[PDB]
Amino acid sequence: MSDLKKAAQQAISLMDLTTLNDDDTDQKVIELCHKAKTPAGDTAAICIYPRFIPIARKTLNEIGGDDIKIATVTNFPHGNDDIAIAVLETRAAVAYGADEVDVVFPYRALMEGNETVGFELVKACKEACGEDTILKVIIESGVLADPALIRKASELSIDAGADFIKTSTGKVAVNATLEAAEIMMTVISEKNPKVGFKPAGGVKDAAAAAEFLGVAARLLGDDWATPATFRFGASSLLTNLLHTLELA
């Protein structure tokens, strides 16, 4: 379907193609780099564990992937409230050569009533990134669950300097939801439309992708979603999108 095909095409261009598994290997990351060069155009990025960034950058720069960004994760997936540890991991991610770092918000601390440590952790990790590395903040909306907490995590993250707010780690029972997307992009519209949104997990197919893009278009404008403002964090979405486009 043309509406569906347009969504599939845009979703691929906005994808953070991800592999974050305990049994990941250089070989598997190399294969992911090749997969990022899709028949429908390059994805926006790949997302991998920090130690695989050097071989991924080497590989992308060998296969025409020079403009595919490398994102990684820190404070992950636990979202513990030790700022020092999150900062060290973020510094290492930057040193490996990450273009983007997706850090996990201390959501358990927020749920216990501590708003300060979330703000300070994001602020400290953004400082470790600098002006030239993107920081995405995973608020784990699927666990926060409560709309007020989702909103508060989003506000704290943006005030602390987040470049993106991201729904989920993909490691818990509930990942990206439309309900969370509504809240988070509303907060973005209220505070700073330069801040991006990243639904991660929970995006089945092109139809689901279209739904998330539809919320963005509605709240922030038809042209708002771009690689600089919107990413799909996905490990098993691309093949379905390619089938929607009748490829692979």
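Heads up: residue numbers just count along the shown sequence, starting at 1.
K.L.:
Given the B-factors recorded for C-alpha atoms, which segment has the greater mean, 13-21 or 221-229?
P.N.:
Here the higher of the two C-alpha B-factor means belongs to 221-229.
K.L.:
Where do the C-alpha atoms have the higher mean temperature factor in this entry, in 113-121 or in 166-174?
P.N.:
If you average the C-alpha B-factors of 113-121 and of 166-174, the larger mean comes out for 113-121.
K.L.:
Per the coordinate record, which of the options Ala98, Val103, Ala92, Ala84 holds the highest CA temperature factor?
P.N.:
When the deposited C-alpha B-factors of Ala98, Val103, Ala92, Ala84 are compared, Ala84 is largest.
K.L.:
Based on the PDB record, which member of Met185, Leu32, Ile70, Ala208 exhibits the highest Cα temperature factor?
P.N.:
By C-alpha B-factor in the record, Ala208 ranks first.
K.L.:
Please say which third, lowest, middle or highest, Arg57 falls into when its CA temperature factor is compared across its chain.
P.N.:
Its C-alpha B-factor, which the entry lists for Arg57, ranks in the middle third among residues of this chain.
K.L.:
Quick check on the deposited entry: does the C-alpha B-factor of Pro50 sit in the lowest, middle or highest third of its chain?
P.N.:
For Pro50, the deposited C-alpha B-factor lands in the lowest third.
K.L.:
Just say lowest, middle or highest third for the CA B-factor of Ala44 relative to the other modelled residues in its chain.
P.N.:
Ranked within chain, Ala44 CA B lands in the lowest tercile.
K.L.:
By the record's CA B-factor, is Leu144 among the lowest, middle or highest third of residues in the chain?
P.N.:
Its C-alpha B-factor belongs to the highest third of this chain's values.
K.L.:
Comparing against every modelled residue in the chain, figure out the third that the C-alpha B-factor of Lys191 lands in (lowest, middle or highest).
P.N.:
It belongs to the highest third of the chain when residues are ordered by C-alpha B-factor.
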